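Below sits a lone chain in structure tokens, taken as the form deposited in one PDB entry.
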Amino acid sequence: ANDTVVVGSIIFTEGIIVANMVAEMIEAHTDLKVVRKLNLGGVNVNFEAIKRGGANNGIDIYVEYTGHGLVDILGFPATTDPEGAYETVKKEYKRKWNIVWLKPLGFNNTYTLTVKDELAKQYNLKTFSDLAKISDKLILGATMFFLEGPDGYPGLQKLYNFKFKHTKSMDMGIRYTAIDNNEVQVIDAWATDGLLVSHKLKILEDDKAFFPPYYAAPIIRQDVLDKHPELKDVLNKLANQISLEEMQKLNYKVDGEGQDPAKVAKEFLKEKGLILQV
């Protein structure tokens, strides 16, 4: 039959690694072949693509974050525990879109606000509220995802009354260079970022609990499951197989050591026995 499915990803390190793992798992454990589609734009492009589906110049599968689905359903930022966010997006995406959330991969790749350790020491910063009190002295460098998202800086700024001198929209790797050079003093470090535990930075505490959980999980069209039911158990073989620490190390293999994400993804799966060597 030569059936194929389309796995989509935004172009960023973690997204392409986990999309590749999904692709490798499908090709290793089923007869299906996988088109890897890369999307440019924000955290909405994959959602609109999966509504279209692989037969309609969209995608069939991608790895989504629970908190993004939660804020999209609610229309307002909220906080809840991981199960609250996961069960809510799973039930709602099935009802409204016939999209199936599979099990979480294991890590929570949340937004953070992060400063240099020395700045945190110079002002005894521990929390977002501590930072807000001195924010009028500081420049924020952040990803376009953070600056444009409803769950990002817009709602965060209003809750804490952040007063940064200005914000600079920056590519993901650039923002680490920028804080290192003191071009900015705060960045939206993401919890799994490969360069994070490598730059002498302090992650501050979200003391008012603005952000939702951001647990990554594969999601798939129901009609693709209807045609290839084996995909559910195959993709759920990834369930809880990637801790925060594991994801950070894979991200660093790409961003810090220059390895290509296809090789990084496949070697991880082989090392953990999730695929066998052919």
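All residue numbers refer to positions in the sequence shown, first residue = 1. Superpose the two forms; the largest set of C-alphas matching within 1.5 Å is the rigid core.
Keep in mind that the form deposited in another entry is not shown, yet the notes after this line are about it.
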item: Of the candidates 105, 85, 131, 71, the only Cα that travels 2 Å or more between the shown form and the other one, given a rigid-core fit; value: 131
item: Residue 38: Cα shift of 2 Å or greater between the shown form and the other one (core-aligned); value: yes
item: Residue 143: Cα shift of 2 Å or greater between the shown form and the other one (core-aligned); value: yes
item: Residue 200: Cα shift of 2 Å or greater between the shown form and the other one (core-aligned); value: yes
item: Residue 60 and residue 150, C-alpha gap in that other deposited form relative to this structure (3 Å or more); value: farther
item: Cα-Cα shift for residue 100 and residue 151, closer or farther in that other deposited form, minimum 3 Å; value: farther
